[PDB]
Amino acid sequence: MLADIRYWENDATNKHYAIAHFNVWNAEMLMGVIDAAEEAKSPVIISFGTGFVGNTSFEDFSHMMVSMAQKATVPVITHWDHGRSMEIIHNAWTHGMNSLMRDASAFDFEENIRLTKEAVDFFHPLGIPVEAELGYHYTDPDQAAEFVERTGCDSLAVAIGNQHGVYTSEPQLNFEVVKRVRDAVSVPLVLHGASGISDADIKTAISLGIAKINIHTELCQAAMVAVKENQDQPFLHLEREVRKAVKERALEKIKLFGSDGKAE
C-alpha cells in the first residue's frame, strides 16, 4: 500500500530501526525489492532519480512503481531522490511519487535554506513531505537545528563520518556526532551512503537515531553477479536470476537495518 514516509520514519526513530531506501529503475529491480519487503514484512522506500532518466522513461515506469506500491501488502513509499529542481520534483509528484527529496546541499547555507524552503512551501499544502540535505566536515548540530527550523523540512540527510558514495579507507562513523545531531534536530535523520561501514557500526548508528539509509550501488552490483553467472543462459532465465539476486540483497539490507517484521 502507498505509505507515508513521515509516519514510517517516526516509527523507525521510535523503535530504533531504519528504513531501507532502494533506487529502482527497471522491472526486475522493482520486483526484487517488493519481493524482499513482502517476505520480510517490512516497510520500504522505492526511489527514482535524475541519474536513471538516460536508462528508463520515468514518466512511463512510474506507473509500474505506483501499481506495485498500491498492490503490495506492505508499506511502500514512492520517493524522488536528490531532486535538482522544482520542476523535476513537481514532475515526480504528478507521476505518483508521494515523498520527495530536494538536494540543495551543493549551495551556500542560506541558498540551501531558500531552495529547500521553496520546495517545502510548495509541497506541504499538497500533503507531500520533503527530505533535505546539509553538509571530514561533520554536520554541525546547531546549524542542523537552524536549517530544519527555518526550512520546515521533514527529514535531514546528515554527514556523520559516512561517505556519500565511494570511500578510500574504512569510513569511521562518529557516534558522538550522531547523538548530538539527533538531540538538536526535531525530524528523522537520513544517511546517503553507508558503503564500507561495518554491520556493527551501521547498527550502532541506527540505535542512535539514523532512521533511513539509502542503498546506492549494492543492488546494481548484486544484479551484475547474476548477469555474469547467467551470461550464456536464455534472457528470460538471466532476468529471473537478476530479480532473485536483487531480492536477496534487499532482504540482507532490511534485516541488517532491523525493519523486518515492522510492517505488522
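All residue numbers are counted from 1 along the displayed sequence.
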| item | value |
| --- | --- |
| Residues of the deposited sequence left unbuilt between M97 and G96 | none |
| Mean temperature factor over C-alpha atoms, higher-scoring stretch between 216 to 224 and 41 to 49 | 216 to 224 |
| Of 196 to 204 and 53 to 61, the one with larger mean CA B-factor | 196 to 204 |
| Highest recorded Cα temperature factor - choice among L134, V120, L189, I88 | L134 |
| Residue selected from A106, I128, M101, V76 by maximal Cα B factor | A106 |
| Among modelled residues of the same chain, the CA temperature factor third for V148 | middle |
| Among modelled residues of the same chain, the CA temperature factor third for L2 | middle |
| Lowest, middle or highest third - CA B-factor, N23 | lowest |
| Third assignment of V185 from its chain's C-alpha B-factors | highest |
| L156 CA temperature factor, ranked by third within the chain | lowest |
